[PDB]
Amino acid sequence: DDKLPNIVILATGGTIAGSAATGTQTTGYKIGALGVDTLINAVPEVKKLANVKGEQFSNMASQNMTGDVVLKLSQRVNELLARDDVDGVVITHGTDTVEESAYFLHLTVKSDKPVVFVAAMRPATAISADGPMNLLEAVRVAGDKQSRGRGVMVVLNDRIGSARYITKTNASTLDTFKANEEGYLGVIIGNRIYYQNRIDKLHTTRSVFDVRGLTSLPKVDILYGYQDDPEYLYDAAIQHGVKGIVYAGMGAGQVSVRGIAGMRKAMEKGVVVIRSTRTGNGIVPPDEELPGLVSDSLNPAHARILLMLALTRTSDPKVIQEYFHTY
């Protein structure tokens, strides 16, 4: 059908491809059993929105997704979007770390063609499974000419989230993906896309980051901030050769006497520290009296992705801080 857009569904795994013995097992199920062609054939309506081709990239639970594999995913998506016969890509993924994978591609995909991550909170075998409609919506978004140049998108539950703002806010609910302060890029209601916002940040074709032919990324750990937080976790990260530490800080990236000592020690060894927040939302503002750089509105998981990519380009703290304010 020469009228329809050509969409690759690049499958990585996740609960959307999860399988249990009964419709009420929504916890305990298997990931690794359902191939992309089985997902496509379960929603043949997708074939009215696009010419779809399935490609099996991986079949893992996203809690096991690693930077080396995300780097390969970015490289594969770039190869697909460089082709004239590909109009967009839908990536099926686990909900747990989709925000990390999506934000990585948001910074590194060198195309305006749509890249739409899709996931499901209930396994494919569940009663009222959300994956079928999420996939149909993701294909609609990936295939729409109006979807171009918006950055990487995450589509669940009738919502289109920017990779830069969207986060899994709830352990277990269908409506978990929200950006409380930034909203959705758009919504899909009655089989129509309603675009609301364009993000005011650099991404994709206007991003400086290009990691095509890297094979590995700088090591970055995330340490939590809390009452009685110990210095020894900084020491352990330093001893294992981290290049960056993201701090999931108390309030606005605020630091105890232990965190301060740990950050100062790490920076003396050339580790870059980003102060983010454990709160879930909002701005960590600059404070020249505290060590490290600040995460802007990046949450810890997003901040780690940006810091890893920043460290491939520079060790200059002024340049890295500007990336945190612009990406």
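Note that residue numbering begins at 1 and tracks the sequence as displayed.
Averaged over CA atoms, B-factors in the entry run higher in 21-29 than in the other of 21-29 and 8-16. Taking only CA atoms, the mean B-factor in the PDB entry is higher for 79-87 than for the other of 79-87 and 102-110. In this entry, the residue among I199, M153, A126, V187 with the greatest C-alpha B factor is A126. In this PDB entry, the Cα temperature factor of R258 sits in the middle third of its chain's modelled residues. For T176, the recorded CA B-factor ranks within the lowest third of the chain. Only modelled residues enter the ranking. The deposited CA B-factor of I40 belongs to the highest third of values across its chain. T66: CA B factor lies in the middle third for its chain, per the PDB record. When the modelled residues of the chain are ordered by C-alpha B-factor, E182 sits in the lowest third.
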